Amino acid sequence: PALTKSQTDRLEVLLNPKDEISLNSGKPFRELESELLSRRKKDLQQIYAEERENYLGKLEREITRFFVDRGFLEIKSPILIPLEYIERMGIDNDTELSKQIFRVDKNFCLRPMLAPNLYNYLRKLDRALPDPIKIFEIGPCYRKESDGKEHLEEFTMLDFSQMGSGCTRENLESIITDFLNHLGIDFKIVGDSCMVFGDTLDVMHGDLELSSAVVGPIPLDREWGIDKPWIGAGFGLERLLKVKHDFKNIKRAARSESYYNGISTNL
């Protein structure tokens, strides 16, 4: 007959992009599932025998090397941050980002973004390091958005910043260009046409936003004690993974108990 929805869902979970098998012919739901199962089992086994690195962790280690080798300091800051940091980010309790905050206790939350801890480091480091100040962080970030397709509730941000001299948009577009060229991902920076400083740039791969990027100074810097030019960009690693491996669903790239390196773990 014709594959029911559960049979369709079940095969979509077992399918990978490299799979060539004819997913429409005379075979029952159930040759097809068994075939994919055998393919996905051999995929885990090959992983276990020859590689054994997690994709999310591996990409994290590769991005780290890129920025360290470019003069950027590697920051590991708290994931649990004061709720007051969200307030000085300008996310008041009527904005749309305001409703996506995982609160913990009364006073704390899971950081939805890396910027506020990075604002603080930039302020403290400016007392001890020579111009310009270049820092970056990679790590977990949380938001109650999960439209499922392009959006996770638990994801991994990269965020880098330069502060002081050299902080132009053509320098910022030159860092993003080397980064994505090193990753092997094509892009496409949209924004205002003749924007010098102050406004955001988007890094696109198709209809997929890989990053929002900022050419400071911006009025928010005063709330953080930052008084200096700066440029910076935030990238979601799961979207990057989605691009390199052609994942259909971004959940294939996330921290998970259901997928490992894009392979279903329910075999």
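In this text, residue numbers run from 1 along the sequence as written.
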Inset, instruction - Between 109-117 and 192-200, name whichever shows the higher mean Cα B factor according to the PDB entry. - result: 192-200
Inset, instruction - Would you tell me which stretch averages the higher CA B-factor in the PDB entry, 156-164 or 173-181? - result: 173-181
Inset, instruction - Check the PDB entry and point out which of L80, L97, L125, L83 has the largest C-alpha temperature factor. - result: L97
Inset, instruction - Kindly indicate the residue among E53, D43, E223, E31 with the greatest C-alpha B-factor in the PDB record. - result: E31
Inset, instruction - Could you look up the Cα B-factor of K144 in the entry and say which third of the chain it sits in: lowest, middle or highest? - result: highest
Inset, instruction - Pull the Cα B-factor of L14 out of the PDB entry and bin it into the chain's lowest, middle or highest third. - result: middle
Inset, instruction - Report the third (lowest, middle or highest) to which the CA temperature factor of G26 belongs, ranking only the modelled residues of the same chain. - result: highest
Inset, instruction - Please rank the C-alpha B-factors of the chain's modelled residues and tell me whether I250 sits in the lowest, middle or highest third. - result: highest
Legend entry - CA B-factor placement of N261, once the chain's modelled residues are sorted into thirds: lowest
